[PDB]
Every structure is written in structure tokens, then in C-alpha cells.
Amino acid sequence: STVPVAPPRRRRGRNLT
Amino acid sequence: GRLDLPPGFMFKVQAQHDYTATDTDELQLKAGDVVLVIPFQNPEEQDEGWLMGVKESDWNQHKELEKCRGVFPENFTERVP
């Protein structure tokens, strides 16, 4: 019962041609 | 707990609930663990709603800091004085 929830982590270091 | 502290140290938190690290930057916590909050190695590495630190017992055992540190859900812990 009544447990917390971890938040969403985000993009970093993104690169393409 | 210790009063000689890691480089750049900000404040401590204490785990209210237990947390298992899912991924390759994340820190593991047990309900009751003190975590020494530290500043990030880059601003893009700071996840929104997250904090970085090292466990106080992991640091009081004087283990490899750069491998013992990680990111955790701040909402699993409380800000201690």
C-alpha cells in the first residue's frame, strides 16, 4: 500500500547523420 | 553517519521506502538509507524529478565513489538537516 513511483528520465547526447 | 564528505557535497536525504535501480546510471536504496547528495557531471545527465548522490554507508566504507554513486527518485527519500 501507499508506495511512491519513480519519475520519467529524459533524452541526452542525441546525434544522427 | 560521516561529517567528512564527498567532493562538491550539497546535503543528505534518508530513504523512506526501498528502491531497486533499473538502469545504467541509477542508485539502489533501502528504506532507512542515508544518501549524500552531490552535483552532476553534466546538466543534461540530471533527470527531471531525480537526484544524484552516494549512500552514506557506501562512503563510510570508503569504496570507489565514481562507481558507488547514482541517480535516485528524490520522492523515495526525505531531506535531512
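This deposited entry lists solution NMR as its structure determination method.

Per the PDB entry, chain B is named Myc box-dependent-interacting protein 1, and its organism is Homo sapiens. Its PDB title, taken directly from the record, is "Amphiphysin SH3 in complex with Chikungunya virus nsP3 peptide".

Residue and element names in this part refer to chain B. What you see with strand β2 (residues 34-37) is no split at all: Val34 and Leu36 on one side and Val35 and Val37 on the other are buried throughout. Summarising the sheet, strand β1 (residues 11-15) and β2 pair through four bridges and their orientation is antiparallel. Counterpart to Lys12 in the pairing with β2 is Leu36. By the bridge criterion, three bridges tie β2 to strand β3 (residues 50-55) in an arrangement that is antiparallel. For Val37, the partnering residue across the bridge sits in β3 and is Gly53.

Next up on the list: the environment of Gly1 of chain B. Residue and element names in this part refer to chain B. Tracing the backbone through its elements, the reader meets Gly1 in the segment before β1. Measuring from C-alpha to C-alpha, the distance between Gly1 and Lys30 comes to 16 Å, with 29 residues separating the pair along the chain. Apart from residues lying up to four places away in sequence, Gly1 is in contact with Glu56 and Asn60.

Here the focus is the packing of aromatic side chains. Residues and elements named next belong to chain B. With the rule as written, the count across this model stands at two aromatic pairs over all chains. Between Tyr19 and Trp50 the ring centres are 6.2 Å apart and the planes differ by 75°, which places this aromatic pair in the edge-to-face class. Here the residue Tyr19 occupies a position in the loop between β1 and β2, and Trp50 occupies one in strand β3, the gap between them amounting to 31 residues. Within the aromatic cluster, the residues linked to one another by ring pairs are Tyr19, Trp50 and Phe76. When the ring centre of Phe11 is taken as origin, the NZ or CZ atom of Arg79, which lies over that ring, is 3.8 Å away.

Calculation notes
- For each chain, numbering begins from 1 and proceeds through the sequence as written. The entry may number the same residues differently, and residues missing coordinates are not shown.
- The order in which chains are written sets their letters, starting at A; the order in which ligands are written sets their numbers, starting at 1.
- For the side-chain quantities, the full set of heavy atoms in the structure was used; hydrogens and water were omitted.
- Using a 1.4 Å probe on the protein chains alone, a residue whose accessible area is under 20% of its type maximum counts as buried, one over 50% counts as exposed, and one in between counts as partly exposed.
- Put simply, DSSP H or I for four residues or longer makes a helix, DSSP E for two residues or longer makes a strand, and each gets a number counted from the N terminus.
- The pairing criterion for strands is at least two bridges between them, as found by DSSP.
- Residue contacts are defined here by distance: any two heavy atoms, one from each residue, within 4.5 Å place the two residues in contact.
- Note on ring pairs: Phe, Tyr and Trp rings are taken, using the six-membered ring of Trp, and paired if centres are within 6.5 Å. Classes follow the plane angle, with under 30 degrees stacked, over 60 edge-to-face and the rest tilted.
- Two conditions define a charge sitting above a ring: the NZ of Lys or the CZ of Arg must be within 6 Å of the ring centre, and it must be within 35 degrees of the ring normal.

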